[PDB]
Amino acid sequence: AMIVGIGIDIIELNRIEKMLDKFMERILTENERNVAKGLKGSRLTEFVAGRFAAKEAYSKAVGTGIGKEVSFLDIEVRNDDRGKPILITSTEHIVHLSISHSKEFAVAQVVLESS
């Protein structure tokens, strides 16, 4: 039983942009917000959307969705020195993540692997 689950999510950026007009306090952890403070405009919108999509994708990979087991603030998406997104949450599994965002959409995928 190597793959524990997979999850994908697609988000319309304008939906996030609208929700941004305290939404970020609900989606992004303290560390993520400190990164977001240095972003603006479309970049901030796509960053928030990317994180949302990553966390949701991850919650689908576990099979529960955002809820009592896993919510937004239990997860932190960090970018490594190369810019590669790393998902940090308490779990026995290996989390593989990827994100992409065009001008109007963001997508994220997660593959959970047994350790």
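All residue numbers refer to positions in the sequence shown, first residue = 1.
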Of the deposited residues between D21 and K22, the number without coordinates is 1 to 3
Assert higher mean C-alpha B factor (32 to 40 or 64 to 72, deposited values) equals 32 to 40
Quick note on 106 to 114 and 4 to 12: per-entry mean CA temperature factor is higher in 106 to 114
For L87, the third of its chain by CA B-factor is the highest
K55: CA temperature factor from the record, placed by chain third, in the middle
